[PDB]
Structure formats: C-alpha cells, structure tokens
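Okay, structure first, notes after.
Just follow the structure's listing: the first ligand is 1, and inside any ligand the first atom is 1. The sequence lines fix the lettering, A, B, ..., with proteins before strands; numbering per chain opens at 1.
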Number of protein chains: 2
Amino acid sequence: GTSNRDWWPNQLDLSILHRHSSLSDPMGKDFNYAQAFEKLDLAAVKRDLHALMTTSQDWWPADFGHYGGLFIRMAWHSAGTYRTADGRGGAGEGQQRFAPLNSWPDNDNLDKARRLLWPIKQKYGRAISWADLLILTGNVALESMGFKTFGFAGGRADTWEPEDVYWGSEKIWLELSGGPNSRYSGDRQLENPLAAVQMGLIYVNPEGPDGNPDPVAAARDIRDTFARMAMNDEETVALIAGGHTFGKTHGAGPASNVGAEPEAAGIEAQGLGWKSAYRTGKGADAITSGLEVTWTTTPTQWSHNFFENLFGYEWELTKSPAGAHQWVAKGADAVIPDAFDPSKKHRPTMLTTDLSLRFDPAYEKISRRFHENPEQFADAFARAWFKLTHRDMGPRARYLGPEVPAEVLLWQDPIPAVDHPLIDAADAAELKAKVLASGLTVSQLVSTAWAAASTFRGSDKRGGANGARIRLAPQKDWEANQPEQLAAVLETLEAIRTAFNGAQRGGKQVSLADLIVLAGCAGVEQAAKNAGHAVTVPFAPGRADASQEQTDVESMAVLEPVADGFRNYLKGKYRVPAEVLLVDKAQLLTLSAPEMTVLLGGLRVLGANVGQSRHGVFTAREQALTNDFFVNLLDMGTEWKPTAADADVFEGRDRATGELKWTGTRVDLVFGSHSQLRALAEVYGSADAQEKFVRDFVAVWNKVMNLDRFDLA
Amino acid sequence: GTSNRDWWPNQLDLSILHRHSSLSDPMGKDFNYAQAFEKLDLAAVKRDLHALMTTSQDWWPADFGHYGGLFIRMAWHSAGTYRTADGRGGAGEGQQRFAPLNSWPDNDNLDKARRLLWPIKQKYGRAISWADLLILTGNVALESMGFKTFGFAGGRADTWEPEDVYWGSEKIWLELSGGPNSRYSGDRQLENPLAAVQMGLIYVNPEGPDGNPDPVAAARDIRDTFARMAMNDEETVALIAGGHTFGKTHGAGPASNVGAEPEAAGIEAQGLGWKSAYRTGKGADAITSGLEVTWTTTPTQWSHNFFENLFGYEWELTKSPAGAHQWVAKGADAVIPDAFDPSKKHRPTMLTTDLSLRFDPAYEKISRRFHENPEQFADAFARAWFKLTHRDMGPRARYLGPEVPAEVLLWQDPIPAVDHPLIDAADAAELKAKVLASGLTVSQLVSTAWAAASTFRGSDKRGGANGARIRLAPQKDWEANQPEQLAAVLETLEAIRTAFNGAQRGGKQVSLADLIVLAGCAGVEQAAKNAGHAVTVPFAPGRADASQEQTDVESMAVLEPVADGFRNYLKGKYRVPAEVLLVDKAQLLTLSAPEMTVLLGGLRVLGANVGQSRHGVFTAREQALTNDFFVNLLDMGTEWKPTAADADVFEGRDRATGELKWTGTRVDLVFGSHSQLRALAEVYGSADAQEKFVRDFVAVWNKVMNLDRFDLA
Ligand code: HEM
Ligand code: HEM
Ligand code: NA
Ligand code: NA
C-alpha cells in the first residue's frame, strides 16, 4: 500500500503530536498510575524478584545460576537510551518493550529478561508498570548480589505505543561512520541530538570506535556519549566498572547462527527473537554481543575484583569465538569461573572499553582512586546508578514510594519547599493590577512568562517556570530570552514583589516564579480587554524560587531554545526546516496540533516575537487578543513570495496592487500551506470563531504555565 | 529519520485504529455538527453560492464567466473516490482537502475550486462543513444553470486528518497497467477493493484504456469501475452525459509547463499547486487534464445538446495542444463558444469515454432513449447525482436539512418507521429471561447477535443489526453466518417474539431486530453469570424490521464478511495475512486497538467461532466470560509451532512434556507476537484484570450493537 509518506517523504509529520491518545491506551481515562502504585506492596514485589534471581528457566538458563547480571544490563539499557539534548529516551516510559528498542542489536536477548518478569508483572498488574519493574528488578539484582543501592522511586507510568524519536538517519543496523547518512563529521563530531556511535547501540562500540580496538580512542567516544547522557568522568567510570563487576558477555559461536530480531521474527516466536542455531542456542552456548568476557572471579557477587584485574595484569588483544576483538590477561592463571561447568575456569578478560578506564589518562586517575579506595567506588556507583535510572523522571514531586532517597541532588534541578501561606484570589487581583499599573506592556509580560514556562519538556520533565530560573545563569543570558528586555521586566517585577511581601503579616509571601506567571496572565487579560473581551485567565500559585547554587549551569544549557517557532526565533541555520523544528517543540511542550496552532496565532498578535520582528504579526492591533493572524493569513487577496535576500522570509503582497502587506517566515506560512494545519487555521479564521479562539488560547496558555506543576496536578 | 516502518516494512499497522482522536480535532469534545447544521440558514448559503457562480476571480478566471462546470467536477470528484468493496472513499468526510486526494492528478486545479469557496466557508463557520459545502456547491451549480436537482442532505461532519485507505500499490502516479505493482491481472481483472484504472484517477482514463483511444474497450473499463462505485448502466450513462452537458476540459498547452502538485509545492503556494508556466497560466491558457474539449453549444446551461452532438456527427481522432487523444466532429461548423473570446467558435469535440456511450451497444440503447426523451435523461441524472453524492452517508436518519428527498430509495437499505410504543426495562428483563429459558445457548445467542451487528462499516455507514436483514436473502445464507444454525436460532426467537407481542395491550411490540440484539445481550449476561459475575448489558430498543422487497440483494453482497477474525473465519486464501484483515475489520467497525483486543478475547471464550472451531478457544470453561484467552495465550509454559498440514495454524504444546494444549490461527497468535498488541493482552491477562475485562467487553459489545443507531444520535 503506497502511503502519503511515500509520495511526499519530506512533508511535515503531525501524527507525532497525536500519539498517546485515549484511543490507544487500554486504561480508562481516569486511571491514575500514582495512586495504583502507592497501594502496591512493594516489599512483596521485591521478595518475588529476589526469588526469581535464582529460579532458572530452561528456555534461557541463568548464568552461574543467577540472573542478576542479565537484569542489571537490562535496567542499564532501559535507562541508557537517554539523550540530554532533547530529554528523549531513558527508562521513564518503558519503551524497551516496544519497537524499535526491543529489537535494537544492543538489546539482544533482553527480550528473554523481560519475559522472565511477566509472571511478576501479571501478578501485581496495573499497580506496577513495566517501566518501574525494569528498574526495580535491576535494583533487586544489585541487592541480591551484595550491593546496597542508594534508593528507588516509582511513578513511571507505562506507555502503549512507540515514542517518535530521531535515532539517526542510517538505513543499516550498526553502520560504521562515514556512510551516506553518517552521524559523524569533521573531527569525530557526533550530530545532535544523538548520543550513541552507531545505529542500534546504547552508547559505544565495545570493540572500539568503528571496530578498531584502541582503548584510548574508545575512551573518547565513551566520554562524549556519556556526557550526552548527563554523566561526567567520575560517574562514567563508576558505572562502567560497577556494572562490569557482574555477570558476563555471550559469544560462544559465530553470529551467523542467530536469526531474526523480535520485530522480524515469526509469529510463533511469540514476541521473542535472536533465536540461535548454535548448539543448544542458550546458556553455555549463548550468543548475544559476540564477545566472550567474564570480568571477575565472583560474577554473582559485589567485589573489588574489576579494578584489581584491570590494573593487576597486562592485556593482550585476542578474538572471541565469534570473531570479536577482546582482551585476555597476559600470563594469568585460570581463576574466573565458568557459568555452567564447575570443572572449567578461564583467564581474566576485558573489553576494549574496559581498558579505556585504565589507558585514558583522566579515567586512569579515577580508576586508581576507586581501586585504592573501594568504599569511594561503591558510593559513587550507587549514586550514579540512582542518577542513571532517575535522570528522566523530573521533579522530586513525581517520586513515589517508601525508598525515595531524602538527599536532594543537583541534577534533580531542585525547587525549595514552600513553607508559608500562598497568595489567594484577592491578592492575585491586587498583584495583577500593580503589574498593569507599572507600565509593563502586554508584549513584555507575555514574552517573559512565555520565556519562563516554555523551557519545559515532557521527554524528561525538566524545565518550566517553577524555580524562577529565568532570573539565573544561564537562562537570563539566552538570546531567545532577550536579556536586556528581560532584565528590565524582572527588575520591575522584583520591586512589586518586594513591596507586596514587605506589606504582609503572617508569613504570607509571593515567589518571583509565581509573580512572573501571574504577570503573564495579567498581560493576557489586558490583551483581551484591548480587544473588547472580558476574560479571566486561571492561575495556580505555589511555585518557589530556586537559588543559583541549586541550578547547574552546564546541565541547563541543553534546555536553551535555539529554535522557538512560538517566538519566531531561529538562532542559526539548521539542516532541518523551521516548521519541523516547530512541531518538535510542540511535542516537547506536550501540545496537540490544534493547541500548537491556537497558541502560535495568539502569541504573534500579542508581541511575543523575539526582537519585535514583524514576521507573522498579521494584525493592525498588536497587543490585542484576536484571531487576526488566521483571518489575515488565509486571505486570498494576498500573494506570497520568497525574498531575494532570504528564501526563508516571505513577502505578502496585495494581489491586485502589488503593495507589501506583511512578511513571514516558514513557521508563519506553514499554517497556510500544510493541508492539515491549514484546516485548523480555517476553524480559527472563520467569522464565528473569535470567542472560540480566545477561550482555546487561554486554555493552552494556562496549560503551558502549569507544565511543571507536579506539586498540584 | 529512519522509522519502524523502514526497519520492519511488513509489521502490522495499528495507527489506523487511532486516527480521529480528540487530540487532532480542533472542535470541543461536545461539538455536535448536526446541531450546528440545523441552525444554518441554508437558503442564505445557497444565495451566496449562486452569486459566486458568476463572480470571476483573476487568479483563476471563470470559463464563460461561470464556475458551474468547475464546481460540478469538484463535487463529482469528491464523491467519485467511493468503492462499494469497502465503502471507503466518497464525499462524506471531505477528504478531497487532505492528502493524497488533494494532490491526485485527476484532482488537478480542484484546489482552485476549493479556494474559491473559502470566503463562504469562512462566513458560515462551523455551521456548514467543508464536506457538505463541496456537495451543496455542486447542487447550486446545477440549479443555477437550469437543472432541477433531486434534493440534498446535510450532515457530513468534517474530518481533520487523512483517512487510511488502500488506493493501490503503484509507486508512480498514473502508472500504466502491467508494471511491477499492476492493479490488473488475468483478463483485465481489477484487484479488489480498487475502483479506478490507474493510480490517482477517479475512475477511467479519458483517452482510453492505458491511453489507447478505443471507445469500445474504454466502455469496458467504464462499466467495471462505475459498478465498483455502485452505479449500473443507466446511472452511468446519465451521470457521464449529465456532467458533460456542462463546462469544458483544459489543455491549452503542454503539460511540461505545469509544476508540482499541492503536497509537493512550495510553502509560498499556500496550499495551491499545478502552477503553470504556459502563457498566463490560467483562464484561456489553463492546463488541467491536457485535453481540450467543450461538449455543448451552451456550456453554462442545461440542455440535451450532448446527445444531439454525440449522435448528430461522425467523430475523428485528433490531438489536443498538449498532445492528448480526443475527438472532433467531422465537417462540423464552428458552433461551440469559446470560454473567453466572444468572437471565436469551435467545432464539437468529445472524449474517447464520451464516444463509449454511443459505441458500446448496451450504452447506445440507453443513450438513444435519453436522446429521444430528454425528460427521462434529466430524471435519471437527478436521481443518479443524488445517489452519487449521498451513497456513503448512511441511513436516512443521518440526513439533515430542509431539502431531503421524501422518496425512499432502495439503495438506502431503508428501515421502516416505528409507529408503536417500545419495550421498557422491565420488558427487556422479561424477554432476556424467556430467551435463556428457551434453551438457546450462550454461543448461539452471542454468535447470532454478532453476525447481525458486525456487518456495519463506518466507511459508508452501511450494515448493522437494524433492519433484521440477517433473516433475509442474502445474509441468511452467508457462510460466515452458519445458515442452518442461524435458521434454528431465528425460529426460536421468532416464537418468543410472537408470544410476547400477542400478549401485549396498547400497541406495544418488539421487533425481531431488537430481539436478536437483546438475546445476544442475554447471552453475554449469562456468560458473565457462568463466570460468577452479575452484570447487566445495556440495550436500547427502537430497531425495525425491513422486508425482502426493501432489500437489494446484489448491493448487500459487498457486506458479506469473507474475513472475520472475530469469528476466526477466512472464507478463502488471500494474498493479505489474516492479521492485517483483522485490523482492517476492526477499522471498519470503528474499534481501537484495546477495543479490538478485549472483544476478540471475549468472543473466543463465548463460542463465537464459525463452525465451533477450537482455534483460539484457550479456556476450559467455554461460555463463561473470563479473561482466559489472554492468561493462556501469554503463558510461557506453552510453546507454539506451525503445523505440517497448514503454516497458518499453530499448535501450543507444553514446553516441558510436549503435550498438546491448544491450537490457533495467525489471528489468535498475533496478540502474543505483535509488540503493541501483546502489551494490550498483558493488561487483560493480569491477575487484577477480571473486573476490567468484563466491563470493557460489555462496553465494546454494546458499542458494536449500537453502530448503526443513528436514530438515537
Ligand atoms: C562503555 C559502556 C559500556 C559498554 C561498551 C558495555 C558493553 C557490554 C557488552 C557488549 C556486554 C555483553 C552483552 C552480552 O553479550 O551478553 C555487556 C554486559 C553487561 N554490562 Fe555493559 N557495557 C557498558 C556499560 C555498562 C554499564 C554502565 C552497566 C551498568 C551499570 C553495564 C552492566 C553490564 C552488565 C551487568 C552486563 C552483563 C550481562 C549478563 O551477565 O548477561 N555495562 N556490556
Ligand atoms: C468516464 C467517466 C468520466 C471521465 C473519463 C471524465 C473525464 C473528464 C476530464 C478528463 C475532464 C477535464 C478536466 C480538465 O481538463 O479540466 C472532465 C471535465 C468535467 N467532467 Fe468529467 N469525466 C467522467 C465523468 C463525469 C461525471 C460522472 C460528471 C458529473 C456528473 C462529470 C463532470 C464533468 C464536468 C462538469 C467537467 C467540466 C469541468 C470544468 O468546466 O472545469 N464527469 N471530465
Ligand atoms: Na525521555
Ligand atoms: Na467512505
């Protein structure tokens, strides 16, 4: 069946905004996972998980009689898809059970791991999501094997179809760099937003960069990809060495024995894949990565043996039985146990990427510190395992259950507790009137509140107006935020705040985070009033102000909007057309197409554009909340052409006289071009739609203001 | 961006069940189009449309100063995509404004037509849908030019994204037959469900079959495609000659002048396409099809001059200025007016397909009758135009407005009026108890009610339980319906009905259509009872019984289920895997993936399979409504393998002992294979799911029972 994608492969794809509908979700529209989880007997689940560890099934026998290593790898891959660039991937939606990740090469045989967990999933049902279960099982594996974890939070709700993620452009699994769709250019620069070296890998190639077994050059890829997963050098060394304290790799024979990945397998395989024709196909004969390495003398118990081995031998390059590059300890005795045969032992072995930890000079210093101080190693790994597995969960308000660590961590972008009474309706009316009396304009108030709130992304639930981090480094300096205008708005708001707070009795006070949002609401009200409409914009207080010391400036950089079609802003020239970037931003904001349409049309006439650009400002009454953008956009009296100077700017001229009426960008005109967007614009550009437009705009505005409000919702 | 479709291009696609979500719809959840339409001033809309016919815009000047012919074509293409095989296509969802239809080659310059209607669409807003407007404008065009129409119904709600339709497998627009993706095989057999001869055409090639200008062979393609659009010989001749009473074709110069279709055009084109570099690019210079034919001496007025010309001259094969084949009247005077230059006249011209109406001997008889009796011709055409533009609207209860024709037409599958009091809740309880006391089993009651209700298809809104047409030819004899078992059930239910109706006072009575549905409800209640669960299944009376004389048997044939995965039924061997056909049936029933999953699992254990096949009957308590299908399917203790005899049947054996536990088809096992369906099955197979399963099954059962109940809309 030929589809629209086949005929017009570069048209914009709006279906990413309408994923995750009530249609595809088997749970009722009222189902609340948090509530179901809070009633789970978590201790019972963990008892069943402990039992499972050593209950070997014949269809995938447990190495060393213990599945712990398999399950640690499973949890680590669940978490490992995360990219800091967009917040996409990670463990938080349980996506490992869906395409493509269920069938990525690096997820080979983790289908077996997941199937071993079905009986537990079945027994506890909706009260523990797969997403939570994959992480908790990893925790229990570590505990079962003697490692004390730093804690665990539940609350990852399951999802029901695959997430739309750009994982790269290659059309071949595992394609090496420099192909026609290379993710690399120049001096090994990985394209944003990617965070892995080859299509279908989690981070790096375990043989070395594009297969070349150089531990020093492998280290470079490790550092880069782990940084792109929000992990620094100490955390990276702790995780790799921590992980590889356990279990083993699987490469007992050639890879040509292994058949189709799960999404390609026959219907009879019942959701499993990588069926192997080598000997028994499993256990002692297992083939997963192709490498055959077992790191420690006690693969089912926490130990300090990884760094003893790493530093205590010299390493020789060799090949696994499948032909992969790996390393064996020069002159060592056979001290490593076999996974199935008590009469066999093996010499110590390492991956290229393990040797990175010794041969990269910066890693070597950390690795030695961990070798010499194993308690520091254990604490770093526990903290890093928690960060790994929680980094995409968002504010601590979302963390459920009785094992949540009390310690607040910088990477959680923490927001202080509110400890005082909040403002009430009367106070909010007072503050709005003071904001409007100050002289701040509709444009300034709307722009500032937009800038504060629209950093939120639903991918990892970072960002938003809570915290008032717009006043801090680095947000206060972002170009999209118009630093000098921003500074003037914040100054006036801060004086309003000070005065209001100084007049109160009791502990009552308003946060700047709340006042930024409320001032934006007053701007929207005033805009509606300018259009001759009475409107009330909802507002929920309770935001708090974070400090600069609670705001990691390097981690904040990934939230900078380099493209924001809602403010007609593009920081540079990008490979992707601007309308694609708009739909991407709408997705991170959790907006549907109709919400994206309404919001952008409104923002245009309110004066939210960066730099007060006239592009898309299709009204003669700026700062009035009207549907003018749609009515003027859709007017067939006007003809549009790209300009001389710039193909991405368009001039709209009267079709009869030739006179210039407007100018717009691609983000503006896509609403007049794309056949689904134009159908939306038509509704809001119709003669009966002014009230609809206002009321839809206010709703989506309030939606955006509340995106990070996990303390309420 | 590599997608799951790219990696696994043959995996089943569930996203067709989740279109049309509340997310993509700009109207509120409570918007009711019929309520908006009933307050439209339809007379005022028609006055605007009438004025528009002769108000020429310079960006697309009106031929002869009158847009009528353009709008008639626009409405005929809106309607002309309809296929009787699946009910997909037609005018009823306004799909011409979306991809792909908006950019089909046969819809060339209809973008102009639709744009001319924006100012009226804008004026009346949500009270008239684009879908309705397209058709109304065609009617008003005919009226304006002196043709009396048969009527008009409103009620086609707008849609907001493209419909998923199989339009063929060709990868090149207009590809001639016999390519690698040929829609033809054998002796010019067009593949079901297609209804056109080439990709991107409405019906046939106006030059002749694959461009060969032979009228006799063209007639064969006309007859075949029109039949596949539910039009017979009389209706086809009336429509083609009726249409071609008006307007003209456009081929003033070569087609290489014409640019990209709308979905490929630049953003500045603002949703228009086929921009032409030939001279002015429009009006007198217009290029649309490439043909340059004007059929009558008064292209803007109804006449009987198409047949006067057709029979009054001999025709010579010629070429248009673009090079297309077309026909000119041998030795005729220049009597046909020019579209822009009052001092020029042209000889009569015809398409190959026009001459079909004279040179195919069956067509010729009808055409002569219409020539000699033009009042017969006007009546046939009015009736056929109404059928053409309404054939996918569904039951007459959906028809809105003051111009709906009072005559009931056989092609409507008419349902008699109900003229007596309906049964009440106490009566329904009494009849359920009588049904259960008769000895009819859960399996019989469920099977029969399923058979009657599951003929519905949301594509053209035909079928469903209303009418009790399951008791009539041809439904009573369809294999899927198990004719001998059916007849026994219907006999017993008819005795129950007779006894209940005979005992009443006061005119109250129950129809057989209602009793068949109610009995099915009693079966599902009894199944729930057998499982230890008291539930009440909703039931809405008001169905009526249609007669054999009100049932067109030949038109009913397309509703026969030759594949019904809900009854594990496949009438023959198909190129398409059975799972794909299941998802296709789910789409026609308007089911989401969770609804399809719950319903199939339930039906299995209720005994709804055709022929009492054991395939998928994964329970040891058949006729009890339990989640056993999912629990047993998902049990890893069972291993599945295709059978020797049949690759499409699978044996489930105990993994340890080898003992045979079950058998199933592809339709069964897909729920344990496909990654998204298995996630659904897991919900209903969990230990906490019995109440959910029951409730969701009752909901979807009731939904299916009510699919055609537009009288309660
Ligand atoms: C540079 C980063 C890493 C590389 C290249 C990498 C590579 C691999 C490979 C190839 C395997 C063998 C798969 C098989 O054949 O069965 C594996 C196993 C595993 N890795 Fe990693 N790894 C990395 C980091 C991690 C991290 C961060 C963790 C956890 C904190 C982790 C924990 C595991 C464990 C427990 C296993 C053993 C699986 C079993 O016993 O079945 N590794 N690693
Ligand atoms: C065998 C069936 C049919 C064929 C092959 C056919 C073919 C065509 C073609 C090739 C054009 C010229 C497009 C252009 O160059 O502008 C056209 C025009 C037209 N057709 Fe048909 N047609 C068929 C049936 C119908 C029917 C069923 C109707 C309506 C009842 C219809 C109404 C018209 C009208 C009104 C125009 C004139 C458009 C104008 O004035 O701009 N045709 N036809
Ligand atoms: Na994420
Ligand atoms: Na249809």
Side-chain angles (χ1 to χ4, degrees), chain A residues 63 67-77 80-83 86-93 95 106 108-109 113 138 141 163 201-206 218 221-222 225-226 236 239-240 242-251 286-293 299 351-354 356 381 384-385 388 392 458-461, chain B residues 63 67-76 80 106 108-109 113 138 141 201-206 218 221-222 225-226 236 238-240 242-251 286-293 299 351-354 356 381 384-385 388:
Chain A
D63 300 330
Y67 286 122
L70 178 67
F71 288 139
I72 294 175
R73 172 179 163 237
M74 172 197 77
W76 146 239
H77 279 209
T81 56
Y82 178 74
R83 311 98 74 94
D86 61 1
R88 297 183 176 103
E93 303 183 2
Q95 289 279 306
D106 235 2
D108 188 327
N109 284 323
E163 186 195 356
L201 294 181
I202 298 301
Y203 308 115
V204 308
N205 183 322
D221 280 12
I222 295 171
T225 56
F226 277 62
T236 298
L239 285 172
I240 292 166
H244 293 171
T245 297
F246 309 95
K248 71 185 294 280
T249 82
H250 308 76
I287 303 162
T288 302
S289 63
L291 293 147
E292 189 73 27
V293 167
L351 309 168
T352 298
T353 51
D354 295 325
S356 299
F381 178 42
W385 176 265
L388 169 69
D392 61 335
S459 61
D460 63 358
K461 295 143 194 5
Chain B
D63 305 327
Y67 288 125
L70 181 64
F71 289 138
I72 295 174
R73 170 174 167 249
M74 178 194 73
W76 146 239
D106 235 5
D108 191 326
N109 286 324
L201 293 182
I202 300 301
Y203 303 122
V204 301
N205 182 322
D221 281 3
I222 295 169
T225 52
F226 275 67
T236 301
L239 285 169
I240 292 168
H244 293 173
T245 299
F246 308 95
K248 72 184 295 277
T249 78
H250 306 77
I287 299 161
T288 302
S289 59
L291 297 143
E292 188 71 28
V293 166
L351 308 164
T352 300
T353 49
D354 295 327
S356 300
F381 178 43
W385 178 267
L388 164 71

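Checked against a 3.5 angstrom limit, the closest N/O atoms of A:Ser289 and ligand 1 fall inside it. Polar contact check, B:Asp63 against ligand 2: no nitrogen or oxygen pair lies under 3.5 Å apart.
Contact check for B:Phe226 versus B:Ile240: side-chain heavy atoms found under the 4.5 Å cut-off.
Atoms of ligand 2 found under 4.0 Å from any heavy atom of B:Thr288, numbered from 1 in the order shown, are 14 (C), 15 (O), 16 (O). Per-residue contacts place A:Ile72 under 4.0 angstrom from the following atoms of ligand 1 (heavy atoms of the residue considered): 35 (C). Counting the atoms of ligand 2 from 1 in the order shown, those under 4.0 Å from a heavy atom of B:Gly247 are 40 (O). Set against the non-hydrogen atoms of A:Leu70, the atoms of ligand 1 under 4.0 Å away are 39 (C), 40 (O), 41 (O). The B:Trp385 neighbourhood of ligand 2 comprises atoms 29 (C), 30 (C), with distances under 4.0 Å to a heavy atom of that residue. Each of the atoms 1 (C), 5 (C) of ligand 1 lies under 4.0 Å from some heavy atom of A:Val204.
The Na ion (ligand 3) has an N, O or S atom of A:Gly89 inside 3.0 Å of it.
There is a protein heavy atom less than 4.0 angstrom from atom 25 (C) of ligand 2.
Using a distance-only test at 3.5 Å, with no hydrogens or angles considered, no donor-acceptor pair links the side chain of A:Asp460 to the main chain of A:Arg83. Under the 3.5 Å distance criterion, the side-chain polar atoms of B:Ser289 are left unmatched by any main-chain donor or acceptor of B:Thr249. Proximity of a side-chain donor or acceptor of A:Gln95 to a complementary backbone N or O of A:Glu163 within less than 3.5 Å is detected. A distance-only check finds a donor-acceptor pair linking the side chain of A:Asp392 to the backbone of A:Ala91 [under 3.5 Å].
Closest to atom 18 (C) of ligand 2, if we only count protein heavy atoms, is B:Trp295 CH2, 3.7 Å. Summary of contacts: the protein heavy atom closest to atom 30 (C) of ligand 2 is B:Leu239 O, 3.1 Å. The nearest heavy-atom contact from the protein to atom 9 (C) of ligand 2 is B:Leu351 CD1, 4.3 Å. Scanning the protein for heavy atoms near atom 35 (C) of ligand 2, the closest one is B:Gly69 O, 3.2 Å. From the protein, the heavy atom lying nearest to atom 37 (C) of ligand 2 is B:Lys248 O, 3.4 Å. Nearest protein heavy-atom contact of atom 41 (O) of ligand 2 is B:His250 CE1, 3.3 Å.
Neighbouring protein atoms of atom 21 (Fe) of ligand 1 (N, O or S, distance under 2.8 Å, waters ignored): A:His244 NE2.
Geometry note: the Na ion (ligand 3) is the vertex, A:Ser459 O and A:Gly87 O are the arms, and the angle is 90° (rounded to 10 degrees).
Taken from CG in A:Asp106 to CG in A:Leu201, the straight-line distance is 4.5 Å, to the nearest 0.5 Å. The distance from atom CD1 of A:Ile222 to atom OG1 of A:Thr352, rounded to the nearest 0.5 Å, is 9.5 Å. Note that CG of A:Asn109 is 7.0 Å distant from CZ of A:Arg73, once rounded to the nearest 0.5 Å.
Contact detail for A:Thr353 and A:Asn205: the closest heavy-atom pair is CG2-O, 3.5 Å. Between B:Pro206 and B:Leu291, the shortest heavy-atom contact is CG-CD1, 3.7 Å. Of all the heavy atoms in B:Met74 and B:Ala113, the pair that sits closest is SD-CB, 3.7 Å. Here the closest non-hydrogen pair linking A:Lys248 and A:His250 is O-CE1, 3.4 Å. Shown here for B:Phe71 and B:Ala141, the closest heavy-atom pair between the two residues is CB-CB, 4.3 Å. Heavy atoms only, all atoms of each residue included: B:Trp385 and B:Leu239 are closest at N-CD2, 3.8 Å.
When only modelled atom types and interatomic distance are considered, A:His244 and A:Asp354 share a side-chain donor-acceptor pair under 3.5 Å.
The heavy atom nearest to atom 5 (C) of ligand 2, considering only B:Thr245, B:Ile287, B:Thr353, B:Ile202, is found in B:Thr353.
Heavy atoms of A:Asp108 found under 4.0 angstrom from ligand 1: none, in either backbone or side chain.
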